[PDB]
Each structure stands twice: as structure tokens, then as C-alpha cells.
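K.L.:
Sequence, then structure. It's an experimental one.
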Protein chains: 2
Amino acid sequence: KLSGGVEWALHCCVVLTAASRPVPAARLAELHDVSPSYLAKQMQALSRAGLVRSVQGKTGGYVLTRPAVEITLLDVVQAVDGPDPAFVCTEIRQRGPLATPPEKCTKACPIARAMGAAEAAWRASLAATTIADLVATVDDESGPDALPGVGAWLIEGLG
Amino acid sequence: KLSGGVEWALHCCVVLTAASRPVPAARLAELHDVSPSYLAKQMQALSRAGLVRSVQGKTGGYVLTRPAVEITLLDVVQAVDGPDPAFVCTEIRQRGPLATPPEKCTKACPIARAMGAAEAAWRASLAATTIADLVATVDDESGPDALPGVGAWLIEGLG
DNA sequence: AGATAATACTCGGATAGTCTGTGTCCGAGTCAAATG
DNA sequence: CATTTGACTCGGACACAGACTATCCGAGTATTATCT
Ligand code: FES
Ligand code: FES
């Protein structure tokens, strides 16, 4: 099972695409009724991964670092939910009475290999789609004036 | 992160191929030095999915009910860790001041879409592989006499 | 007008509460045997 | 050969943990209003 908060961060990435100004955490927190503190924690988890930049001062907030096309889903999932792979091999082939010697274990145990390859196919099929593809499909479906309209609501009265 | 106990159950899928007689959890527990109780819990979790049969009595144990070829890795992982998906959409687009109305909510959020497509590819890479590929690769690499040999060790003194 | 110091707003990590695993346990049920 | 015992099996119920969730107050900077 994976973290729920990832959606919170990802639904912030999508809205920030249409935001030309710096936006403070608390604003987004109210933008979808979430613990302002814990969204701010998620933003810290993104600032650590150098995905977003955190400007200080009166006109402070969070801003996208690189263009929307170059940010893949994989980068987000790896940054937030935890970079560690999902399945881990406890190496039980080297435990018990019939422990395979260190001479016949030149290859990885086919179970581990298959599961790893599956996880790789997961994260690859995830990485193929970017945030730009999503913003293009949302301005295709939910109208091209909705997302700029939200981007305009976020910047209402900064100082 | 995924449940550790998944590996414990999946390494047993191979041994049942070589077990002609009923084999109880405790024997497998020593077969890879693991919690006899906690492996047994995972075995019960798998028995509930109706993959293997658990027979009680003196010469009782766990046996494969249906052929090894029709049991994919997908069936095992979903049985043990839980069939519920890892990622969960709480529908945050209908909460807060800028809640997407219940009229623009005909289709599933494109984020869910991408995450689905990724997990689907994951589960597809799980379903493609069977137990026949596992027993074939272990008889290909660690010799075709290893699997019958361990299957025979399991049956050493079933009284 | 320009320099300066008060100011007000915002990141950042350090801090408690709660929730699904993780490990363990003993009882109900069952078959095989030992026995008259 | 029927029966009693016996001991061995799984099944679900019981504590412990690391981790996710939610939250606080301290560090840093552009606004800004004043003072010369
Ligand atoms: S030793 Fe862990 S997958 Fe085989
Ligand atoms: S509202 Fe949940 S994935 Fe977009």
C-alpha cells in the first residue's frame, strides 16, 4: 500500500502549471480543504527533491523549476511516496538447511527478477506520461478557461 | 512499500510443485528459517483465496489444488498484501471553494487514468509470468534435480 | 529623496496522535493410528 | 473389525511496531514607513 498524500502534491503540481506568480502553501491547503501544515510538509518533501523552488519574504511561495513538459509522473512518485522500490528480496535462498551456495547464486532469484521487472514496467509506463500531457487533456475536457481561471483565483490579493 | 511476507508466500509456490504429499507450514518455516506462526498466518491468508488446500490431522499440510500453470504471480500478490489498489483517489476536485461541479465529473480524473494505466502494465507484467516459468528457470539455472530434491526433503518423516 | 530599522508574511524542520502491518499466541477440527 | 485415544493440523483472536497523518513554533526576507 502507498501514501495517499501523493495525490495532494500532484494536484498542486497541475494547478501550479497555470500559476505565473509565487503561491504560499496555506492558499493551496484551502484550495482543496487539507491540513495546511501537512501540505507544507509535502512541499518540503518536494523542495528536498529539487522539483519546486521555495522563495522567502512577503511575496514568498512555491514555483516550478523546469518547464512543464520535462516533469514526469515518475519524478513526483519517487520524490513523495518514497524512492525505495516496492518489493525487497530478504534472500531466503541462502537460509535454512538447503541454502544455495555462493557459487550457484550468480543470477538473481527469478521471483525477485520477475517482480523487479514488473515494478520497472510500472514506473516506466508511469514516466512515459508527463504533467504537460495531463494539463493538455484537462484543457481538452474541462475547458481551456477553467485552469487559467483557478490560476487567477490563487494569485488574488498577494500583499 | 509492499508487505515483506509476500516473498515468504511466493518462495513456497515453487516447492508445492515438488511436493506430491501434504506439507505443513512448520516444515517450510524451518526450510527458510522464518516465523513458523507468521508464515502460517500468510499461508492461511493464501488458503482463503482458494489457491491451495489446507488439510488437518496427522499427515495434513498444504497442497496445490489446481495446476501450477494457471497460478500467475498477480493472483498471489493480490491474495496476500490485499487486492485493493496501492494508490487511491479521494476525489479532492469536488472539495474546497473551487470544487469542480458534479456536472464536469462524467469521467475519472486524468491523474487516476495515468496511475491506472501504470498499475495495469504492472499487473500485466505479473499475469504474463506463471509458476511454469519459475520451475523452468530454477531447473534451468540451479539444475533440474534441485526441485525434486527439496520436494523430497519436505516429505522426510511425515508421521 | 535615500538610508535605515520596524514589520508582517512566509519556508523549514522538530514535535505529538493515530492506523495499518508484524509477530505471536492458543482453541476448534481432523486424520491416523493403537487397541480390545 | 468398531472404538477410544492421541497428537497433530489449521483457523482466527491477541499484543507490539514502524509508519502515515496532523500540528507547532523558530529562521529568513521583501514591504514599508519613518527619519535625516
Ligand atoms: S530470494 Fe527473495 S525473491 Fe528469491
Ligand atoms: S481528484 Fe483524485 S486523482 Fe484527481
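P.N.:
Done, it's in. Numbers count the residues shown, from 1 in each chain, chains lettered A, B, ... in the order given. Ligands and ions are numbered 1, 2, ... in the order given.

K.L.:
In contact with the residue sitting furthest away from the middle of chain A, which residues?
P.N.:
Taking C-alpha atoms, centre = their mean, the residue of chain A most remote from its mean C-alpha position is residue A:97, at 43.7 Å. Going by C-beta atoms under 8 Å, 6 or more residues apart in numbering or on different chains, residue A:97 touches B:30-31, B:153. C-betas here are computed from N, CA, C, even on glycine.

K.L.:
By neighbour count, which of these wins?
P.N.:
Within the contacts of residue A:97, neighbour counts (other C-beta atoms under 10 Å in any protein chain shown) peak at residue B:31, which reaches 22 neighbours.

K.L.:
what's the helix or strand for the closest residue to that residue other than its chain neighbours?
P.N.:
Counting by C-beta to C-beta, 6 or more residues apart in numbering or on different chains, residue B:31 lies nearest to residue A:96, which is 5.0 Å off, once chain neighbours are set aside. Following DSSP states H and E, one finds residue A:96 outside all helices and strands.

K.L.:
what sits against the residue nearest to residue A:133 when sequence neighbours are not counted?
P.N.:
Computed as C-beta to C-beta, 6+ apart, the closest residue to residue A:133 that is not its neighbour in sequence is residue B:114, at 8.0 Å. Taking C-beta under 8 Å, 6+ apart, we find residue B:114 in contact with A:73, A:126, A:129, A:133-134.

K.L.:
Now those in CSV, please, with extra columns for neighbour count.
P.N.:
Below are the contacts of residue B:114 laid out as CSV (neighbours: other C-beta atoms under 10 Å in any protein chain shown):
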residue, neighbour count
A:73, 24
A:126, 22
A:129, 20
A:133, 16
A:134, 21
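
K.L.:
which one of those residues sits closest to residue B:57?
P.N.:
residue A:126 (48.6 Å; C-beta to C-beta).

K.L.:
can I assume residue A:53 sits in a strand?
P.N.:
Yes - Residue A:53 sits within a strand when classified using DSSP: H, G, I helix; E, B strand; the rest coil.

K.L.:
What's opposite it in the beta bridge?
P.N.:
Beta bridges link residue A:53 to residue A:63 when assigned by DSSP bridges.

K.L.:
which residues does residue A:58 contact?
P.N.:
With C-beta under 8 Å, 6+ apart, residue A:58 has these contacts: residue A:159.

K.L.:
would you say it is within a helix?
P.N.:
No - counting by three-state DSSP, residue A:58 is not part of a helix but coil.

K.L.:
Look up how far residue A:159 lies from it.
P.N.:
Going from residue A:58 to residue A:159 by C-beta to C-beta, to the nearest Å gives 6 Å.

K.L.:
now do residue A:102
P.N.:
According to C-beta to C-beta, residue A:102 stands 66 Å off from residue A:159.

K.L.:
Kindly report the same for residue A:117.
P.N.:
Residue A:117 is 52 Å from residue A:159, where distance means C-beta to C-beta.

K.L.:
if you count what's nearby, which of these two comes out ahead?
P.N.:
Comparing residue A:117 with residue A:159 by other C-beta under 10 Å, the one with more neighbours is residue A:117, at 14 against 4.

K.L.:
okay but that one is in contact with residue B:125, surely?
P.N.:
Yes - counting by C-beta atoms under 8 Å, residue A:117 sits close enough to residue B:125 to count as a contact (6.3 Å).

K.L.:
the strands in chain A, which residues?
P.N.:
A:52-55, A:61-64 (DSSP state E).

K.L.:
Could you see whether DNA strand C lies near the first one?
P.N.:
Spelled out, it's strand A:52-55. Yes - with C-beta under 7 Å from any atom of the strand as the criterion, DNA strand C is reached by strand A:52-55 at residue A:54.

K.L.:
List the buried residues in the lengthiest helix in chain A.
P.N.:
Ordering each helix of chain A by length in residues (DSSP state H) puts helix A:110-128 first. Across helix A:110-128, burial judged by 16 or more other C-beta atoms under 10 Å in any protein chain shown covers A:110-112, A:114-116, A:118-119, A:121-123, A:125-126.

K.L.:
ends of stretch A:137-155, how far apart?
P.N.:
24 Å (C-alpha to C-alpha, to the nearest Å).

K.L.:
mind listing what's buried in that stretch?
P.N.:
Neighbour-count burial for stretch A:137-155, with 16+ other C-beta under 10 Å as criterion, is recorded at A:138, A:142, A:146-147, A:151, A:154.

K.L.:
what about that stretch, near chain B?
P.N.:
Yes - applying C-beta under 8 Å from any C-beta of the partner chain, one finds stretch A:137-155 in contact with chain B at A:137-138, A:141-142, A:146, A:150, A:153.
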